[PDB]
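1. please work out how this folds:
(chains A and B, ligands or ions: 2)
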2 protein chains.
Amino acid sequence: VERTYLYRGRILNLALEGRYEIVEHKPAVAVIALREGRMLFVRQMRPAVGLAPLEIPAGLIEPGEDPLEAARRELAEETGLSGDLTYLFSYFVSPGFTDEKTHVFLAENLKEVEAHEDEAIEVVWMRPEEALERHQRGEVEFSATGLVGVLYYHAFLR
Amino acid sequence: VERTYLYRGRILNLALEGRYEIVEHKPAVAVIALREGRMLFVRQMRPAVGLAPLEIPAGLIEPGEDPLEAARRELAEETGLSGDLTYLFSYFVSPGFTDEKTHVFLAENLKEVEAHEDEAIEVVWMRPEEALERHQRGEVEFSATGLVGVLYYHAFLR
Ligand SMILES: Nc1ncnc2c1ncn2[C@@H]1O[C@H](COP(=O)(O)OP(=O)(O)OC[C@H]2O[C@H](O)[C@H](O)[C@@H]2O)[C@@H](O)[C@H]1O
Ligand SMILES: Nc1ncnc2c1ncn2[C@@H]1O[C@H](COP(=O)(O)OP(=O)(O)OC[C@H]2O[C@H](O)[C@H](O)[C@@H]2O)[C@@H](O)[C@H]1O
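-> Numbering: from 1, shown residues only, chains lettered A, B, ... in the order given. Ligands and ions are numbered 1, 2, ... in the order given. Next up is the structure itself:
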């Protein structure tokens, strides 16, 4: 059960636990938002993958914040919107090697609170049906958060 | 764009790319299977999180394999079953730090090909509605693969 640390970083630590390679990572949040049949996706260059996958607004929980507060913050910083947020569920992104846990919220009754992360983040309103069709046609890649948003919409928001 | 390697491991590498911390990881597969209203979940101890989340059968793509072949293999190794497999979609588990990509399949017409990973892996057939209710009640944690299976079922398999 003990860990020995190979790297202590900015957004992760690398440890060994016995024979296991473990990446400790801050928890994250993600926000599903629908308006007039379009879901609020975002894209940004992601150096780990060398491309900009289709995501939903997401970010890390910072010191002092709970998940709800982090979700409100990254919705505003990434898209300039506020909404009424409801906790949906959480998931471990890849529990075979990392402890990153993502907390997912629904946002309703959106309002623009900032006109304008604008240089870094592209806001992509798109019907989820179209996002899934583009992905099936090889036109865009998903992050887990983007795919979860699309599936949740099809399951519960039509 | 260049990477310098801090750690070259068994199931990951850690690199720095500029100011970015990047974990390279093999691609993965996951299999959604439904029978008589129950989804095929699995649980195993996951040292990264210190608990056994609810997952679907999943594993790493090994040298020589494509995603379909890996999916067939881990369905058989984890559960002793074979099926007719259909590619659904893929996702990057957490593209802000890792390049791990998961390829998700549906399995139908399941057949037991091995009686019996049996010590390590618990097979948990469970209605997806119940999995989501247990999670909402705080009784179980999800992996991304488990949550994707539950959402896909509710969206398309009822
Ligand atoms: N952290 C680790 N460090 C070193 N070796 C490991 C570790 N975890 C597993 N192994 C060994 O590495 C091999 C792991 O193999 P397989 O069983 O195909 O995959 P999976 O179910 O682990 O992971 C599938 C996905 O599910 C999760 O979301 C994961 O993060 C993945 O995204 C075996 O030899 C293990 O002993
Ligand atoms: N790999 C990295 N290395 C170092 N710093 C980083 C890296 N990536 C981001 N930063 C810095 O770290 C902070 C990252 O912050 P925020 O914007 O809240 O989050 P997110 O959208 O990146 O990640 C949200 C989730 O979406 C994805 O699935 C991710 O993997 C997460 O699971 C900022 O200061 C970045 O400059």
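
2. and the gap between the residue of chain A most remote from its centre and residue B:42?
-> What lies farthest from the middle of chain A is residue A:18; by Cα atoms, centre = their mean that is 30.7 Å. According to Cβ to Cβ, to the nearest Å, residue A:18 and residue B:42 sit 21 Å apart. Bear in mind the C-beta positions are built from the backbone N, C-alpha and C, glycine included.

3. what sits against the residue most central in space within chain A?
-> Centroid-nearest residue in chain A: residue A:58, 3.3 Å away (criterion: Cα atoms, centre = their mean). Neighbour list for residue A:58: A:28-31, A:42, A:74, A:102, A:143, A:145 [criterion: Cβ atoms under 8 Å, 6 or more residues apart in numbering or on different chains].

4. closest one to ligand 1 out of those, please.
-> residue A:102 (12.6 Å; Cβ to the nearest ligand atom).

5. wait, isn't the closest one in contact with residue A:94?
-> No - checked against Cβ atoms under 8 Å, the pair residue A:102 and residue A:94 is beyond contact range at 10.6 Å.

6. just the helices in chain A please.
-> For chain A, the helices defined by DSSP state H cover A:67-79, A:128-136, A:144-156.

7. please identify the most buried of these.
-> helix A:144-156 (a mean of 25; mean count of other Cβ atoms under 10 Å in any protein chain shown).

8. and the contacts of residue A:58, which of them are buried?
-> Buried by 16 or more other Cβ atoms under 10 Å in any protein chain shown: A:28-31, A:42, A:74, A:102, A:143, A:145, out of the contacts of residue A:58.

9. near chain B, from the residues you listed?
-> Applying Cβ under 8 Å from any Cβ of the partner chain, the subset of those adjacent to chain B comprises A:28, A:143.

10. need the max-distance pair from the buried ones among the contacts of residue A:58.
-> A:42 and A:102 (14.8 Å; Cβ to Cβ).

11. what residue in chain A comes nearest to ligand 2?
-> Closest contact between chain A and ligand 2, by Cβ to the nearest ligand atom, is at residue A:59 (2.9 Å).

12. enumerate every residue touching the closest residue in space to that residue that isn't next to it in sequence.
-> Spatially, and ignoring its direct neighbours in sequence, residue A:59 is nearest to residue A:74 (3.4 Å; Cβ to Cβ, 6 or more residues apart in numbering or on different chains). By Cβ under 8 Å, 6+ apart, the contact set of residue A:74 is A:29, A:31, A:57-59.

13. hang on, the earlier thing: how near is the residue farthest from the centre of chain A to chain B?
-> 7 Å (Cβ to the nearest Cβ, to the nearest Å).

14. for that residue, which non-adjacent residue is closest in space?
-> Per Cβ to Cβ, 6+ apart, closest to residue A:18 is residue B:47, 7.2 Å.

15. ok, residue A:106 next?
-> Nearest residue to residue A:106, sequence neighbours excluded (Cβ to Cβ, 6+ apart): residue A:86, at 4.7 Å.

16. what does chain A have sitting close to ligand 1?
-> Within chain A, the positions adjacent to ligand 1 are A:19-22, A:94-97 by Cβ under 6 Å from any ligand atom.

17. ok, so of the residues you listed, who is nearest residue B:137?
-> Of all the residues of chain A next to ligand 1, residue A:95 has the smallest distance to residue B:137: 20.1 Å, by Cβ to Cβ.

18. on that earlier part again, and the helices of chain A as CSV, adding distance to ligand 2?
-> Converted to CSV, the helices of chain A look like this (distance: least, Cβ to the nearest ligand atom, whole Å):
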stretch, distance to ligand 2
helix A:67-79, 6
helix A:128-136, 16
helix A:144-156, 6
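
19. could you dump these to JSON lines with distance to residue B:4?
-> Formatted as JSON lines, the helices of chain A follow (distance: least, Cβ to Cβ, whole Å):
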{"stretch": "helix A:67-79", "distance to residue B:4": "30"}
{"stretch": "helix A:128-136", "distance to residue B:4": "33"}
{"stretch": "helix A:144-156", "distance to residue B:4": "27"}
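
20. so which of these gets nearest residue A:108?
-> helix A:67-79 (11.6 Å).

21. alpha carbons only: can I get that closest one in CSV?
-> Only the C-alpha atoms of helix A:67-79 are listed here, as CSV (Å, rounded to 0.1, in the frame of the first residue of the first chain):
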residue,chain,number,x,y,z
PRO,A,67,-17.1,20.3,-7.1
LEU,A,68,-20.1,22.6,-7.5
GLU,A,69,-18.0,25.7,-7.2
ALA,A,70,-15.4,24.5,-9.6
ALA,A,71,-18.1,23.6,-12.1
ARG,A,72,-19.6,27.1,-11.9
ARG,A,73,-16.1,28.6,-12.3
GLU,A,74,-15.0,26.7,-15.4
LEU,A,75,-18.4,27.2,-17.0
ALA,A,76,-17.9,31.0,-16.6
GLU,A,77,-14.2,31.0,-17.5
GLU,A,78,-14.5,28.8,-20.5
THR,A,79,-17.8,30.1,-22.0
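
22. many thanks, have a good one.
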